[PDB]
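See below for target-v2.pdb, which holds PDB, C-alpha atoms.
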```pdb
ATOM      1  CA  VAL A   1       8.748   4.857   2.862  1.00  0.00           C
ATOM      2  CA  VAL A   2       8.092   2.037   0.367  1.00  0.00           C
ATOM      3  CA  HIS A   3       6.793   3.892  -2.716  1.00  0.00           C
ATOM      4  CA  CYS A   4       4.548   1.051  -3.936  1.00  0.00           C
ATOM      5  CA  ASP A   5       4.040   3.211  -7.052  1.00  0.00           C
ATOM      6  CA  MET A   6       3.496   6.799  -8.259  1.00  0.00           C
ATOM      7  CA  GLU A   7      -0.102   6.792  -6.963  1.00  0.00           C
ATOM      8  CA  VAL A   8       0.436   5.589  -3.372  1.00  0.00           C
ATOM      9  CA  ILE A   9       3.173   5.205  -0.731  1.00  0.00           C
ATOM     10  CA  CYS A  10       3.239   2.952   2.356  1.00  0.00           C
ATOM     11  CA  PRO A  11       5.925   2.663   5.028  1.00  0.00           C
ATOM     12  CA  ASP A  12       7.512  -0.748   5.732  1.00  0.00           C
ATOM     13  CA  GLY A  13       5.100  -1.137   8.675  1.00  0.00           C
ATOM     14  CA  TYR A  14       2.227  -1.156   6.130  1.00  0.00           C
ATOM     15  CA  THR A  15       1.227  -3.507   3.286  1.00  0.00           C
ATOM     16  CA  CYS A  16       0.131  -2.197  -0.136  1.00  0.00           C
ATOM     17  CA  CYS A  17      -2.952  -3.687  -1.830  1.00  0.00           C
ATOM     18  CA  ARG A  18      -4.567  -3.158  -5.255  1.00  0.00           C
ATOM     19  CA  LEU A  19      -8.339  -2.570  -5.447  1.00  0.00           C
ATOM     20  CA  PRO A  20     -10.546  -4.521  -7.852  1.00  0.00           C
ATOM     21  CA  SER A  21     -10.751  -1.379 -10.023  1.00  0.00           C
ATOM     22  CA  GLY A  22      -7.042  -0.753 -10.716  1.00  0.00           C
ATOM     23  CA  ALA A  23      -6.784   1.265  -7.479  1.00  0.00           C
ATOM     24  CA  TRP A  24      -4.443   1.054  -4.468  1.00  0.00           C
ATOM     25  CA  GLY A  25      -4.998   0.817  -0.694  1.00  0.00           C
ATOM     26  CA  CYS A  26      -2.767   0.600   2.400  1.00  0.00           C
ATOM     27  CA  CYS A  27      -3.311  -1.742   5.370  1.00  0.00           C
ATOM     28  CA  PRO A  28      -1.109  -2.132   8.449  1.00  0.00           C
ATOM     29  CA  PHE A  29      -0.337  -5.581   9.908  1.00  0.00           C
ATOM     30  CA  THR A  30      -0.622  -4.866  13.655  1.00  0.00           C
ATOM     31  CA  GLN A  31      -3.213  -7.329  15.013  1.00  0.00           C
TER      32      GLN A  31
END
```
Show me, as structure tokens, the structure contained in the file I just sent.
Amino acid sequence: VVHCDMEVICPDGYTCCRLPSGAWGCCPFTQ
């Protein structure tokens, strides 16, 4: 897993994103 930080973790198959409020979100890239 790619620990994007100590508040979220996304596996290589997923991309990490930061919310507009200092938050974190995960989104896959399978389109």
How big is the axis-aligned box, and where does its centre sit, when it encloses all atoms of segment 6-16 of chain A listed in the file and has 5 Å added on every side, reported in Å to one decimal as JSON?
```
{"center_x": 3.7, "center_y": 1.6, "center_z": 0.2, "size_x": 17.6, "size_y": 20.3, "size_z": 26.9}
```
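Close contacts of segment 21-25 of chain A, defined as residues with an atom at most 10 Å away when counting only C-alpha atoms, with chain neighbours fewer than 5 positions off set aside, comprise residues 4, 5, 7, 8, 9, 10, 15 and 16 of chain A.
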Care to translate the PyMOL selection byres ((chain A and resi 12) around 7) into actual residues of this file, as a CSV table (one decimal) with C-alpha atoms, in the coordinates of the input?
```csv
chain,number,residue,atom,x,y,z
A,1,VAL,CA,8.7,4.9,2.9
A,2,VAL,CA,8.1,2.0,0.4
A,10,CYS,CA,3.2,3.0,2.4
A,11,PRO,CA,5.9,2.7,5.0
A,13,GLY,CA,5.1,-1.1,8.7
A,14,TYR,CA,2.2,-1.2,6.1
```
